[PDB]
């Protein structure tokens, strides 16, 4: 509703995860405060231009990685992006791998998820009196997924074209027994802590949201179990590749998502009672 400075708008949102605290990519950056009914977003939103397209960047953990996954104000974050007018949201995330062939340094563009969080407090914007139950059979925006895959291929990076993300609560990493369940029983491919309820809220807000995930580790399955320092080090080492992909894809997002390839773009039509 109210922004400071007033009148700011953007077309593409980028939510940065681990290792991605500054835009890097935007020209003419302005830091913006956006009012939300839920209090503060993770940080200021930075708005600027990438080759003529207006981009809003939000670090989900805040500058300096001040906010762990369970403490993020997901409602405020998504409300703020919607309020600026964005239609496309690219999430950049660090994930662990549960399979040998999804190697550290590879990108993954997931197509499914399993929610094993428990402590996120709000999993929706809609608490009544209008009851909303969005369909999320195909939870990610296909239009954006396909563009991410294409960019990665063009630039010569390895991009796995599907994957099931298991979202765990944290902040601790999984035990060996848990990780065996995720891998062998649920047949998940990658694991992270931040996707839910971010994706749920993006869908309810009728945004075209997709995740560009970077594999940073093999969970508990290597000679060395994952540590936080390893994840951070691998993301910071590879952030330049993520930046190059963003520069490639963002100018192609000048238009609007195709309705037929955006499962959530009209989510509320059939979902509200």
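Numbering follows the first chain given and starts at 1. Here, rigid core means the biggest group of C-alpha atoms that superpose within 1.5 Å across both forms.
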Quiz item: Do the Cα atoms of 56-64 or those of 27-35 sit farther, on average, from the shown form in 5 other deposited structures of this protein after fitting on the core?
Solution: 27-35
Quiz item: Comparing 21-29 with 5-13, where is the mean C-alpha B-factor higher?
Solution: 21-29
Quiz prompt | Higher-B stretch (mean Cα B-factor, as the entry records it), 200-208 or 46-54 | solution = 46-54
Exercise. Return the residue from 71, 136, 155, 188 that has the highest Cα B-factor in the entry.
Key: 155
Quiz prompt | Given 222, 67, 34, 214, the residue at which the Cα B factor reaches its maximum | solution = 222
Practice problem: Comparing against every modelled residue in the chain, figure out the third that the C-alpha B-factor of residue 247 lands in (lowest, middle or highest). | Solution: highest
Quiz item: Thinking about Cα B factors across the chain, which third does residue 150 belong to?
Solution: highest
Quiz item: Sorting the chain's CA B-factors, does residue 101 end up in the lowest, middle or highest third?
Solution: highest
Self-check item: Third of chain Cα B-factors occupied by residue 178
Solution: lowest
Quiz prompt | CA B-factor ranking of residue 63, expressed as a third of its chain | solution = middle
